[PDB]
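What follows is one structure encoded as structure tokens, with my remarks underneath.
In what follows, chains carry the letters A, B, and so on, assigned in the order in which the sequence lines appear, proteins first and then strands, with residues in each chain numbered from 1. Computed over heavy atoms, backbone and side chain alike; hydrogens, waters and symmetry mates excluded.
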Protein chains: 6
Amino acid sequence: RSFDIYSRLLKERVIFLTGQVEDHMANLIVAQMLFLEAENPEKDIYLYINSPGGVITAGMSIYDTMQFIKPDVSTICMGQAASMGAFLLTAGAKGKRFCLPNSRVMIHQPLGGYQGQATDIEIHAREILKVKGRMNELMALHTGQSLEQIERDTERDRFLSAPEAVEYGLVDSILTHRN
Amino acid sequence: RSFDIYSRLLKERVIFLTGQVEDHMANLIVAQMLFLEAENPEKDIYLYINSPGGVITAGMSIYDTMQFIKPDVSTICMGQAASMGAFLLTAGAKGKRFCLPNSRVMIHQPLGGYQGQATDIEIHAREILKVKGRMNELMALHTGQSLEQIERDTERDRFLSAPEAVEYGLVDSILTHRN
Amino acid sequence: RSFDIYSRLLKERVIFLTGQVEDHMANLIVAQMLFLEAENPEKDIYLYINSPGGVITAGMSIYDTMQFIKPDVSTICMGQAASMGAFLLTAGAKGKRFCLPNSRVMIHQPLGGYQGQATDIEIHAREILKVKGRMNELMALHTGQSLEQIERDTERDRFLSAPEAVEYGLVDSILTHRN
Amino acid sequence: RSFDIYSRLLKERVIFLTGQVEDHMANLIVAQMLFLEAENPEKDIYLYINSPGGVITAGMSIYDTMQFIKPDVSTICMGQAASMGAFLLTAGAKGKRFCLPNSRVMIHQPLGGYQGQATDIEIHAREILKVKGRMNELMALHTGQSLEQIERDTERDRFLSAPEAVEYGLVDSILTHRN
Amino acid sequence: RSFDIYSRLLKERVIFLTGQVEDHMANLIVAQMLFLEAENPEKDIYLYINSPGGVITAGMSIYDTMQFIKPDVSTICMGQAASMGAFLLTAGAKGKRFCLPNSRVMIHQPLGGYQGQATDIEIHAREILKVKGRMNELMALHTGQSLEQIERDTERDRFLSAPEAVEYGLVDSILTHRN
Amino acid sequence: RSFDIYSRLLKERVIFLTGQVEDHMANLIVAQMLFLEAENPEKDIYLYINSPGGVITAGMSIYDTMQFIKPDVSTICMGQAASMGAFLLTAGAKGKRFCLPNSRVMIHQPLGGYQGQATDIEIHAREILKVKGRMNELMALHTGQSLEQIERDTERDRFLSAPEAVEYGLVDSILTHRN
């Protein structure tokens with residue numbers, strides 16, 4: 001009886017990624033993902049996305065589980081998919097990634113901040129550059145775009161309307177009307 | 001006079017570097033150095049030091065005014081001299097860098113931190129790393145140790161009583177009783 | 001009687017720009033300059049700089065006084081001259097601007113933050129791009145660089161050594177040892 | 001003497017209007033004007049201005065004191081003059097109002113707000129509106145522009161470089177070099 | 001007389017690098033630079049570049065020749081500057097390098113080949129790797145970019161319009177109209 | 001004298017572009033172009049064109065040189081001017097471009113080819129397209145035709161006789177008898 005709306009939508013194999021991406025909320029998407037694999041490792045899974053990004057590693061826990069699990073993971077971004085939100089979005093299974101008409105996307109680069117000794121600082125700094133780069137490769141690969149474009153387009157906050165994210169390979173098309 | 005105690009002591013060409021180093025206290029110190037040099041380009045200046053360290057750039061505005069002014073600068077560490085404060089101490093006029101018997105010096109590497117994009121984390125990371133290099137050099141200089149000995153013994157916090165101070169090159173001799 | 005040490009240095013036509021730039025410290029530095037010009041409109045004036053930057057409107061209060069008064073204004077950098085700090089250091093009389101041996105300079109672009117309606121947001125962004133524009137020109141003027149190279153060089157935090165400072169044409173030479 | 005640099009410059013008939021505008025800082029300038037008028041009501045009083053604006057009644061106490069006293073009050077703008085600061089800068093004796101080269105101006109409309117019953121909200125709403133009407137009238141009068149061009153440009157924040165400020169008739173000329 | 005047209009422009013110190021870069025034409029270009037330095041070692045030398053590149057050692061005799069002669073070699077690119085062409089284009093005197101409005105640059109890595117025993121092949125794959133490293137370094141120096149950035153960017157042919165060349169740091173600006 | 005007919009007609013400031021456009025013939029044209037401006041930058045230059053086209057870059061080195069030297073460059077098609085011959089023709093000084101009575105002009109898009117890996121084929125196709133656009137823009141720009149109109153007209157070879165050329169905006173008029 002729509003006792004719990006989301007639990008109910010989990011029976012249509014739909015999952016919601018909303019807001020701040022961080023460990024726990026991420027973990028709750030993983031746990032859903034896995035649960036759906038088992039309930040049926042053959043049917044498609046739905047990941048709706050309206051988020052501004054967040055802690056990356058947490059963000060990556062979702063990503064790897066989207067690949068790891070048997071079923072294809074379709075993604076539909078509504079409202080906004082930014083930074084890490086844009087990533088998991090374009091990480092949907094090819095041909096199954098969407099954008100509602102006025103949703104909007106944003107890309108940019110790994111953000112961070114360490115504090116301590118010079119020695120330690122080079123350590124964590126070298127690390128963020130590696131991640132900055134991997135994230136760029138994994139993005140080059142899901143978008144079909146060169147490492148040059150990503151690198152340039154992601155050095156600074158960059159926005160895309162629904163048409164443009166399609167035109168960029170980020171999502172495959174625009175769902176305008178449930179026909 | 002005893003109207004203002006730090007003033008009278010100044011007439012003897014004696015300056016105090018107390019507590020943390022930061023732009024303003026450093027500045028007051030730099031003016032006293034400029035002023036005293038203009039009181040007598042040839043008369044040896046005395047600077048006691050009881051500091052736990054502080055802002056590099058700020059300390060470094062003291063050091064450069066130190067190696068710049070016509071006069072010689074004798075430094076007397078007391079209580080303690082740490083980080084930047086160890087630097088300036090072992091940076092006094094060769095042959096006029098002391099320590100009281102129970103004061104203690106402590107050296108180490110530079111501290112720091114930055115928040116922002118990977119790209120900027122980098123700019124700011126290369127810098128402190130450079131800033132680190134120059135620091136080990138001057139230390140290498142004014143002390144006698146090789147760069148290497150310095151580079152190696154500064155990674156971590158290192159304590160030194162006045163004896164070891166001397167045995168290191170930081171201070172030349174150990175005051176005990178005046179005569 | 002060498003009461004306020006800064007008064008004493010002021011009688012020596014010497015002026016100190018320490019710390020964050022803001023209307024009041026700036027108002028104080030500007031008043032010092034006028035008074036000095038009044039004392040003797042022909043003699044040089046010395047401006048020591050060790051600032052991390054600050055407010056542009058307040059820094060420009062200084063910039064325009066420097067250029068306004070008859071007395072040439074020699075600038076010397078100890079510790080650091082960053083952002084508006086560096087802009088003022090280079091804003092000195094050509095030929096009389098210096099960098100202590102281990103001071104370090106830093107340049108970048110205008111920073112801002114506004115909150116409001118799209119319409120007002122545009123009046124302000126537009127405005128800061130002009131300020132960013134007029135800024136980069138003044139910088140190209142004082143350093144002998146092309147406007148082209150200035151902007152392209154200030155988009156992100158750029159650090160400069162004293163050697164690089166002089167080489168960039170940001171300061172004519174490095175004050176070394178008294179003479 | 002120089003034990004107080006602003007008292008000294010005051011003796012040369014210079015008054016500094018710096019920072020936020022408000023009763024006490026305003027009342028000090030009002031007092032310095034009545035003072036300067038007393039030492040001689042013939043020589044021009046010079047009021048520098050580096051303000052972001054502030055309280056309207058507090059600005060109006062300076063405005064009125066200015067027109068009242070006999071000495072022509074000449075205004076010079078440094079850094080910036082926004083809102084009430086733009087208004088005071090222009091209420092300066094015609095022929096004697098200046099902007100330094102890179103000082104930027106800013107006009108807009110009155111800010112305010114009430115809280116309580118409707119009858120009171122109306123009473124104060126009416127009052128701020130009557131205050132707005134006299135302000136544009138005065139601005140019109142002093143800058144010599146149509147009360148409509150003024151009613152118009154003050155609706156939203158509006159920036160003026162030093163030259164446009166001359167074109168607009170806000171100031172009379174630009175001060176560049178002492179000659 | 002306009003008997004030989006290039007022999008004529010050579011008197012205006014203009015030198016053309018056209019087509020395939022290979023030992024003999026390269027040697028002709030070097031000889032003109034040496035000859036120009038003999039005539040007047042103070043005056044600049046303009047090198048017009050229109051080339052798809054060519055042999056590395058052939059080009060390096062020009063590179064070093066450029067850096068060795070007293071005159072600053074100013075480089076102007078027309079048509080295109082690819083591979084060894086983009087390289088010599090950027091090795092021109094800092095501040096004096098340009099791209100006609102519609103010239104285009106391409107950068108990439110060394111190309112080569114060997115036939116032989118496994119032991120000979122290893123000496124050669126090692127070597128082309130050392131050449132690879134010096135070019136990236138020399139490219140890093142000359143463009144101002146960082147090593148890894150240059151490496152990362154050259155792995156595959158990269159096109160760059162003149163504006164992108166100016167941004168990237170290969171050339172200093174775009175020549176459009178003689179004035 | 002008529003020892004070298006081409007050199008002799010160079011004195012009447014005449015230049016011929018005969019045959020396929022390739023780097024070398026292009027260079028000889030650019031150099032004669034620079035040479036003439038150098039002899040007198042005010043008098044017009046006459047570039048006769050009878051070519052079928054050629055290497056785009058080779059052509060552009062010529063284009064940019066035409067727009068760059070001060071001398072105005074009058075273009076005169078004889079026989080025929082297609083592809084890059086068409087482009088350089090309609091690229092001469094507005095008002096000073098012609099067409100002998102029975103000249104024939106042909107226009108169309110870029111030709112090209114590449115062999116290699118999917119990745120590298122992408123980069124090169126991406127490039128001949130950036131070029132096409134730019135080439136079109138420039139055609140629009142010089143014939144005042146709609147940008148879209150040129151895109152259309154240049155999808156497939158389109159022959160234009162002299163009148164049609166004049167009309168299409170490629171050349172201004174037609175020369176039939178030397179009056």
Q: Please answer whether the main-chain N or O of C:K70 pairs with a side-chain N or O of C:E37 as donor and acceptor at a distance below 3.5 Å.
A: yes
Contact between C:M106 and C:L160 at the side-chain level, heavy atoms closer than 4.5 Å - yes or no? no
Taken to the nearest 0.5 Å, the spacing of D:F16 CZ from D:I49 CD1 works out to 11.5 Å
>> Quick one about D:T18 and C:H24 (side-chain donor to acceptor, distance below 3.5 Å, no hydrogens or angles considered), yes or no?
In response: no
To the nearest 0.5 Å, atom CZ of C:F35 lies from atom CD1 of C:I15 at 10.0 Å
Can E:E164 and A:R152 be counted as an ion pair, charged N to O under 4.0 angstrom?
yes
Subject >> Any B:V30 side-chain heavy atom under 4.5 Å of C:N50 side chain >> reply: no
Between B:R126 and E:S146, the two heavy atoms sitting closest are NH2-CB, 4.4 Å
Can you find a heavy atom in the side chain of B:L138 that is under 4.5 Å from one in the side chain of B:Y63?
-> yes
- Query: Parallel, tilted or perpendicular: which describes the rings of E:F87 and E:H142, with under 30° parallel and over 60° perpendicular?
  - Reply: perpendicular
So CD1 of C:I45 and OG of C:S74: to nearest 0.5 Å the spacing works out to 10.5 Å
* **Worked verdict on E:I107 versus E:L170 for side chain to side chain contact (heavy atoms under 4.5 Å, CB included)** => CA-CA 10 Å; E:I107 49 178; E:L170 292 196; 4.0 Å; yes
* Asked: Mind checking whether C:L89 and C:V171 have side chains closer than 4.5 Å, heavy atoms only?
  -> yes
When rounded to the nearest 0.5 Å, the distance separating CG of B:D64 from CE of B:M33 is 11.5 Å
**Q.** Sidechain-backbone polar pair: C:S61 side chain, C:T57 backbone, donor-acceptor under 3.5 Å
**A.** no
Nearest heavy-atom approach of C:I150 to C:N136 is CG2-O, 3.4 Å
Let's go through D:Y48 and C:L34 carefully: what are the C-alpha distance in whole Å and the side-chain angles of both, what is the deciding distance for side chain to side chain contact (heavy atoms under 4.5 Å, CB included) to 0.1 Å, and is it a yes or a no? CA-CA 12 Å; D:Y48 272 76; C:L34 292 186; 3.7 Å; yes
Heavy-atom count around E:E167 CD within 6.0 Å, excluding the residue itself: above 12?
no
Give a yes or no on this: more than 12 heavy atoms of other residues, nucleotides or ligands lie within 6.0 Å of atom OH of E:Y168. yes
For this session: Verify the distance criterion only: is there a donor paired with an acceptor across the side chains of B:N27 and C:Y6 at less than 3.5 Å?
Result: yes
**Asked** Checking C:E22 side chain against C:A58 main chain: does a donor-acceptor pair fall under 3.5 Å?
**Response** no
Q. Does a side-chain heavy-atom distance below 4.5 Å link C:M60 with D:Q80?
A. no
Looking only at heavy atoms, the pair that brings C:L147 and C:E137 closest together is CD2-CG, 3.8 Å
**Message:** Under the criterion side chain to side chain contact (heavy atoms under 4.5 Å, CB included), I'd like the reasoning laid out for C:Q145 against C:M139: C-alpha separation, chi angles, the key distance, then a yes or no.
**Reply:** CA-CA 8 Å; C:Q145 293 287 182; C:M139 269 285 259; over 6 Å; no
Report task. Spell out, as yes or no, whether a donor-acceptor pair under 3.5 Å connects the side chain of B:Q67 to the backbone of B:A91. Result -> yes
Residues B:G59 and B:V21: closest non-hydrogen pair is N-CG1, 3.4 Å
Item to check | Short side-chain donor-acceptor distance under 3.5 Å, A:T154 and A:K132 | outcome: no
Take the angle between the ring planes of C:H124 and D:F159 and call it parallel below 30°, perpendicular above 60°, tilted in between. perpendicular
Could you go step by step and tell me if C:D44 and C:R13 meet the salt bridge (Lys or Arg N to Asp or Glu O under 4.0 Å) rule?
CA-CA 8 Å; C:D44 275 16; C:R13 296 178 71 68; over 6 Å; no
Check: B:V55 main-chain N/O paired with B:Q20 side-chain donor or acceptor under 3.5 Å:
no
Q. With distance as the sole test, does E:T143 use its side chain to make a donor-acceptor pair with the main-chain N or O of E:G169 at under 3.5 Å?
A. no
| said: Please check this pair: side chain of E:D172 against backbone of E:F98, looking for a donor-acceptor N/O pair closer than 3.5 Å. | reply: no
Is it the case that more than 12 heavy atoms not belonging to E:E151 sit under 6.0 Å from its CD atom? yes
Shortest non-hydrogen pair, B:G85 vs B:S51, comes out as CA-OG, 4.4 Å
The reported gap from CG in B:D120 to CD in A:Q109 (rounded to nearest 0.5 angstrom) is 7.0 Å
Item to complete: Run the numbers on B:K130 and C:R104 for side chain to side chain contact (heavy atoms under 4.5 Å, CB included), then give the verdict.
Response: CA-CA 11 Å; B:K130 295 185 178 185; C:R104 56 93 160 289; over 6 Å; no
Separation between CG (A:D157) and OG (A:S83), nearest 0.5 Å, reads 7.0 Å
Can any side-chain N or O of C:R97 pair as donor or acceptor with the backbone N or O of C:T90 at less than 3.5 Å?
yes
Note: E:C99 and E:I174 closest approach over all heavy atoms is O-CG2, 3.1 Å
message = Can you confirm whether C:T75 sits close enough to C:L17 that some side-chain heavy atom of one is under 4.5 Å from a side-chain heavy atom of the other?
response = no
